[PDB]
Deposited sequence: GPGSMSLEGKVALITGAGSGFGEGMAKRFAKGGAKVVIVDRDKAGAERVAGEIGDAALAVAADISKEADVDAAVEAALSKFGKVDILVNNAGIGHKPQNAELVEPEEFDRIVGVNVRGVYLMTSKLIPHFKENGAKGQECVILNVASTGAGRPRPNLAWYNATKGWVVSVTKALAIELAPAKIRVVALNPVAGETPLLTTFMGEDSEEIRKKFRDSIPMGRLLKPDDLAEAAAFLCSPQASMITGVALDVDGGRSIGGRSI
């Protein structure tokens, strides 16, 4: 019941962690907009969640797709309260200098430009919500690789460092507008793998009124791997 009444828009929500978060948010009483590049993925997750979910196929590196995604969410649910920037792509592990410009550009398009587009497009609506006293949350999913890289994912890890840094910058700027901005760093000392439902719980907590005084942070959820 923690998120009852709230509307969350979640990117990369057709699979893995994004799907886990959307299912968990919906179980908490939230309406969920399932945004993914994979249309079959988005539709399947929407189906499994049920009436609380809207499926939206989009390539968030593209301005037009973001605009369409946002319009569809607003049209279906009347407002957005929570944005989870979760979509991300990598490169296969390799020597940094072997990643070529096309691949590098694609990675930046989703992991950097996508976050920029999705966020800047929803900020005016969030500010409007905050003026009527309805607090909003932007949650960015980054990675332990942002601040604790191992070799061979240089360009991917750097986009995640961008995400953590943008989280702090937006948080200090948007706080007085009643918009919180947080991040999660998913990855092992605890001796088991991270499952989508683990990350989902941290996300539901951070996006709930139980975390109303928490903004600008990057929470590691990683079994102690970043230590």
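Point to revise | Missing CA stretches, deposited numbering from 1, N-terminus first | key: Holes in the chain trace, numbered from 1: 1-4, 192-216, 257-261.
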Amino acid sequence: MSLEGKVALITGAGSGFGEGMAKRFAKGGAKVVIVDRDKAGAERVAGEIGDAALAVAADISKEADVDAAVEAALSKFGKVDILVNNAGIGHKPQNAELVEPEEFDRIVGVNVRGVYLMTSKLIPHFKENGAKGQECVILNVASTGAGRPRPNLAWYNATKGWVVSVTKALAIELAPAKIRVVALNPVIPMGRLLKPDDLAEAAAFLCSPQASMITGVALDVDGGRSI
From here on, numbers count along this sequence of modelled residues.
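Check your understanding: Which wins on mean Cα temperature factor, 194-202 or 164-172?
Key -> Looking at the recorded C-alpha B-factors, 194-202 comes out higher on average.
Point to revise | Residue range whose averaged C-alpha B-factor is higher in the record, 177-185 or 40-48 | key: Going by the record's values, the stretch with the higher mean is 40-48.
Check your understanding: From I138, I89, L122, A142, pick the one with the largest CA B-factor in the entry?
Key -> Comparing C-alpha B-factors across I138, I89, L122, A142, the top value belongs to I89.
Practice item. Check the PDB entry and point out which of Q134, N111, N85, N157 has the largest C-alpha temperature factor. Key: The record points to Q134.
Check your understanding: What third of its chain, lowest, middle or highest, does the C-alpha temperature factor of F77 fall into?
Key -> Highest third.
Check your understanding: Lowest, middle or highest third: where is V7 by Cα B-factor in its chain?
Key -> Its C-alpha B-factor belongs to the middle third of this chain's values.
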